[PDB]
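Participant: Take a look at this one; I'll ask things after.
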Amino acid sequence: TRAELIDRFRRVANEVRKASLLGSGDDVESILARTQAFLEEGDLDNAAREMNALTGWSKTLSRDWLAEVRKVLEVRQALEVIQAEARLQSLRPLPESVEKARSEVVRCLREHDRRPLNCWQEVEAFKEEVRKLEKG
Amino acid sequence: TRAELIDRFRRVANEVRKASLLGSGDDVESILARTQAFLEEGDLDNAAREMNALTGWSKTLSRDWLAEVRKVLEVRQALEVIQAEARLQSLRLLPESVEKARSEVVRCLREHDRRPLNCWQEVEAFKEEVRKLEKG
């Protein structure tokens, strides 16, 4: 029953509006309105195509928040390298095991400057090396 | 290296402010200044302590933005279910494989009302079944 579908979208549309990352209330409101009307008009095909604008990865809307999530993860990783480096200097030649993990992180970051997240493992090894020094 | 450490954090702090997901907090500005101040005074231990507020998963700041990424994904998954339902109904009709999948997704979503992402596999099976019908 098509009338049952409209109620489902109406509530999903309500949850969409509450999620601030998904849109700035510009295209998102017009996408929902057109989809609501297409469903009310019985144009399931266009309604399905219309909502695709909000779920497809190619659409600009997914790129906006995906970049936002990337910037946040990258900044956190950059902070942890400084944090682990700070903890290291607080302790004050050191084991080659610890410093080899440090050179690897910088060597990796230089290799992947555009997408630093490719060095997440190298950063983890560096953090664990600093952790170990604290214990012995 | 403590001097070089101060310069790096100054660079990262500016990137923190640009990231609206991480820099929207009114508290984050006070953490960066205090973390920056600690570096100038040479209190590396305290500086790393302040930095944990921006990296720890427990801290409110990380809890704030992770919830946003999670609900964008939840609403996105909810839209795909309606989209697959619309296309299924677009095809006037169904194979048991189609019925098995739609009932699994609807059952799962109510059972995991708090965390709908636990149904991502069930949603894919439902989407793949709708694709199978469209192609034959």
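We name chains A, B, ... following the order of the structure tokens; residues begin at 1 in each chain, and ligands are numbered from 1 as shown.
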Write out as JSON, numbers by chain every residue belonging to chain B that has an atom at most 6 Å from any atom of chain A, counting only C-alpha atoms.

Facilitator: {"B": [44, 45, 48, 55, 72, 75, 76, 83, 86, 90]}

Participant: From the DSSP assignment of the backbone, select every residue of chain B that is helix (DSSP H, G or I), and format the answer as JSON, numbers by chain.

Facilitator: {"B": [2, 3, 4, 5, 6, 7, 8, 9, 10, 11, 12, 13, 14, 15, 16, 17, 18, 20, 21, 22, 23, 28, 29, 30, 31, 32, 33, 34, 35, 36, 37, 38, 39, 40, 44, 45, 46, 47, 48, 49, 50, 51, 52, 53, 54, 55, 60, 61, 62, 63, 64, 65, 66, 67, 68, 69, 70, 71, 72, 73, 74, 75, 76, 77, 78, 79, 80, 81, 82, 83, 84, 85, 86, 87, 88, 89, 90, 96, 97, 98, 99, 100, 101, 102, 103, 104, 105, 106, 107, 108, 109, 110, 111, 116, 117, 118, 119, 120, 121, 122, 123, 124, 125, 126, 127, 128, 129, 130, 131, 132, 133, 134, 135]}

Participant: Based on the selection just made, write C-alpha atoms of those residues as an mmCIF file, in the first residue's frame.

Facilitator:
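out_35.cif written:
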data_model
loop_
_atom_site.group_PDB
_atom_site.id
_atom_site.type_symbol
_atom_site.label_atom_id
_atom_site.label_comp_id
_atom_site.auth_asym_id
_atom_site.auth_seq_id
_atom_site.Cartn_x
_atom_site.Cartn_y
_atom_site.Cartn_z
ATOM 1 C CA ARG B 2 60.667 21.512 22.904
ATOM 2 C CA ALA B 3 60.941 24.632 20.740
ATOM 3 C CA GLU B 4 60.070 22.637 17.615
ATOM 4 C CA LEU B 5 57.255 21.028 19.609
ATOM 5 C CA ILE B 6 55.685 24.448 20.256
ATOM 6 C CA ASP B 7 55.724 25.361 16.562
ATOM 7 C CA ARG B 8 53.979 22.137 15.515
ATOM 8 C CA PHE B 9 51.112 22.563 17.974
ATOM 9 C CA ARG B 10 50.571 26.133 16.788
ATOM 10 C CA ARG B 11 50.162 24.678 13.295
ATOM 11 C CA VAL B 12 47.778 21.935 14.450
ATOM 12 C CA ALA B 13 45.687 24.277 16.608
ATOM 13 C CA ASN B 14 44.826 26.338 13.527
ATOM 14 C CA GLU B 15 43.735 23.147 11.749
ATOM 15 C CA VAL B 16 41.606 22.287 14.795
ATOM 16 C CA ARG B 17 39.708 25.573 14.474
ATOM 17 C CA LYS B 18 39.035 24.948 10.764
ATOM 18 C CA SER B 20 33.834 22.514 12.433
ATOM 19 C CA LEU B 21 33.085 19.039 13.809
ATOM 20 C CA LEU B 22 35.990 19.327 16.259
ATOM 21 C CA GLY B 23 36.279 23.107 16.597
ATOM 22 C CA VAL B 28 38.106 23.705 22.709
ATOM 23 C CA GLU B 29 39.423 27.262 22.391
ATOM 24 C CA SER B 30 40.424 27.288 26.063
ATOM 25 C CA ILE B 31 42.136 23.893 25.738
ATOM 26 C CA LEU B 32 44.335 25.075 22.840
ATOM 27 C CA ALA B 33 45.436 28.255 24.624
ATOM 28 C CA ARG B 34 46.194 26.367 27.842
ATOM 29 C CA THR B 35 47.952 23.606 25.887
ATOM 30 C CA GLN B 36 49.902 26.278 23.998
ATOM 31 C CA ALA B 37 50.730 28.050 27.252
ATOM 32 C CA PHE B 38 52.023 24.827 28.816
ATOM 33 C CA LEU B 39 54.455 24.364 25.926
ATOM 34 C CA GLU B 40 55.936 27.853 26.325
ATOM 35 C CA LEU B 44 55.278 19.021 28.689
ATOM 36 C CA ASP B 45 53.572 16.608 31.092
ATOM 37 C CA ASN B 46 50.705 19.037 31.699
ATOM 38 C CA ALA B 47 50.617 19.941 27.995
ATOM 39 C CA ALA B 48 50.048 16.302 27.033
ATOM 40 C CA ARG B 49 47.406 16.101 29.767
ATOM 41 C CA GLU B 50 45.464 18.986 28.214
ATOM 42 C CA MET B 51 45.855 17.485 24.727
ATOM 43 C CA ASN B 52 44.073 14.307 25.833
ATOM 44 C CA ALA B 53 40.789 16.250 25.931
ATOM 45 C CA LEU B 54 40.937 16.480 22.122
ATOM 46 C CA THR B 55 42.045 12.885 21.462
ATOM 47 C CA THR B 60 32.951 14.917 25.617
ATOM 48 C CA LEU B 61 34.456 16.542 22.515
ATOM 49 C CA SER B 62 34.952 13.200 20.747
ATOM 50 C CA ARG B 63 31.552 12.001 21.950
ATOM 51 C CA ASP B 64 29.990 15.145 20.470
ATOM 52 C CA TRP B 65 31.129 14.695 16.855
ATOM 53 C CA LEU B 66 31.032 10.871 16.759
ATOM 54 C CA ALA B 67 27.295 10.995 17.472
ATOM 55 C CA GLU B 68 26.876 13.262 14.443
ATOM 56 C CA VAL B 69 28.721 10.888 12.103
ATOM 57 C CA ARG B 70 26.698 7.986 13.506
ATOM 58 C CA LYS B 71 23.275 9.547 12.934
ATOM 59 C CA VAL B 72 24.152 10.707 9.419
ATOM 60 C CA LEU B 73 24.893 7.038 8.724
ATOM 61 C CA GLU B 74 21.693 5.925 10.476
ATOM 62 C CA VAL B 75 19.480 8.313 8.501
ATOM 63 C CA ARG B 76 21.358 7.398 5.324
ATOM 64 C CA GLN B 77 20.626 3.714 5.948
ATOM 65 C CA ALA B 78 16.979 4.529 6.675
ATOM 66 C CA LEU B 79 16.638 6.322 3.329
ATOM 67 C CA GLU B 80 18.104 3.360 1.437
ATOM 68 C CA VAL B 81 15.452 1.053 2.913
ATOM 69 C CA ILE B 82 12.670 3.348 1.690
ATOM 70 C CA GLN B 83 14.409 3.697 -1.678
ATOM 71 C CA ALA B 84 14.675 -0.087 -2.048
ATOM 72 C CA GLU B 85 11.054 -0.431 -0.934
ATOM 73 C CA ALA B 86 9.956 2.135 -3.529
ATOM 74 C CA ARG B 87 11.782 0.346 -6.343
ATOM 75 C CA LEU B 88 10.404 -3.006 -5.187
ATOM 76 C CA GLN B 89 6.870 -1.592 -5.299
ATOM 77 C CA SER B 90 7.685 0.113 -8.604
ATOM 78 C CA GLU B 96 11.024 -16.120 -1.221
ATOM 79 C CA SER B 97 14.504 -14.590 -1.336
ATOM 80 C CA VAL B 98 12.868 -11.156 -1.615
ATOM 81 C CA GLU B 99 10.436 -11.850 1.237
ATOM 82 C CA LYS B 100 13.138 -13.302 3.496
ATOM 83 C CA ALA B 101 15.204 -10.134 3.108
ATOM 84 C CA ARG B 102 12.530 -7.453 3.553
ATOM 85 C CA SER B 103 11.164 -9.096 6.700
ATOM 86 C CA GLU B 104 14.695 -9.417 8.091
ATOM 87 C CA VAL B 105 15.394 -5.698 7.627
ATOM 88 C CA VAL B 106 12.084 -4.546 9.128
ATOM 89 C CA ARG B 107 12.389 -6.923 12.088
ATOM 90 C CA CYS B 108 16.013 -5.907 12.654
ATOM 91 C CA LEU B 109 15.331 -2.160 12.579
ATOM 92 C CA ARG B 110 12.763 -2.320 15.388
ATOM 93 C CA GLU B 111 14.953 -4.686 17.421
ATOM 94 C CA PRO B 116 20.027 0.769 13.540
ATOM 95 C CA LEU B 117 23.501 0.296 12.003
ATOM 96 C CA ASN B 118 23.509 -3.252 13.437
ATOM 97 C CA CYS B 119 21.286 -4.003 10.425
ATOM 98 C CA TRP B 120 23.669 -2.869 7.671
ATOM 99 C CA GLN B 121 24.139 -6.419 6.383
ATOM 100 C CA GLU B 122 20.381 -7.011 6.423
ATOM 101 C CA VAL B 123 19.880 -3.778 4.465
ATOM 102 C CA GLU B 124 22.429 -4.896 1.857
ATOM 103 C CA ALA B 125 20.689 -8.249 1.452
ATOM 104 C CA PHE B 126 17.415 -6.379 0.940
ATOM 105 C CA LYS B 127 19.054 -3.990 -1.540
ATOM 106 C CA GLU B 128 20.729 -6.853 -3.412
ATOM 107 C CA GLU B 129 17.424 -8.733 -3.647
ATOM 108 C CA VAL B 130 15.716 -5.670 -5.114
ATOM 109 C CA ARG B 131 18.541 -5.368 -7.643
ATOM 110 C CA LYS B 132 18.149 -9.045 -8.538
ATOM 111 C CA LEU B 133 14.459 -8.569 -9.338
ATOM 112 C CA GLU B 134 15.196 -5.496 -11.492
ATOM 113 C CA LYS B 135 17.691 -7.464 -13.621
#

Participant: Could you work out how far atom CA of residue A:25 lies from atom CA of residue A:3, giving the answer in Å with one decimal?

Facilitator: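 For atom CA of residue A:3 relative to atom CA of residue A:25, the distance reads 26.0 Å.
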
Participant: Using only C-alpha atoms, determine which residues lie at most 8 Å from stretch 119-128 of chain A, disregarding the query and same-chain residues fewer than 2 positions distant; provide the list as a PyMOL selection string.

Facilitator: chain A and resi 77+80-81+84+98+101-102+104-105+108-109+112+116-117+130-132

Participant: If you measure from atom CA of residue B:115 to atom CA of residue B:59, what distance in Å do you get, rounded to one decimal?

Facilitator: 20.8 Å

Participant: In Å, how far is it from atom CA of residue B:24 to atom CA of residue A:24?

Facilitator: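 Computing it gives 15.6 Å between the two atoms.
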